[PDB]
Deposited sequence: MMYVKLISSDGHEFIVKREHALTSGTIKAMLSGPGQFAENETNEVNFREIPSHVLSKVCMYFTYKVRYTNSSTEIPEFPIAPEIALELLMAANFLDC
């Protein structure tokens, strides 16, 4: 049911398997239900996990969808992670 995504600084983020599989890249890494991200720090990976919860909730819902917030200080590294994980 859950998987563990570990940031470059050792923070362990635990999310549902279904959320984690929205990334094709993570699905590939998972086939321990753990994945180590040696280049994605904690302030990027936590935002990634927030996006999973946001994507799953607001895909197919028509209730008015809110902006996904990205602080300017986080955008460059979030872009690099999103680009690498294809999401």
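The deposited chain is incompletely modelled, with C-alpha atoms absent over 1, 33 to 41.
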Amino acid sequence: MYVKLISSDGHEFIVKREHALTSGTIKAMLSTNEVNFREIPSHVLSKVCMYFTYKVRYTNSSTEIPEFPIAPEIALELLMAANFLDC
From here on, numbers count along this sequence of modelled residues.
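In at least one third of the other compared structures of this protein with flanking residues present, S62 is left unmodelled. Compared against other deposited entries of this protein, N33 counts as consistently modelled, with coordinates in all of those that resolve the residues around it and thus below the third mark.
Relative to its counterpart among 62 to 70 and 75 to 83, 62 to 70 has the higher mean temperature factor, C-alpha atoms as listed in the PDB entry.
Higher mean CA B-factor, judged across 43 to 51 and 22 to 30 from the recorded values: 22 to 30.
In the deposited entry, the Cα temperature factor of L5 sits in the bottom third of values across the chain's modelled residues.
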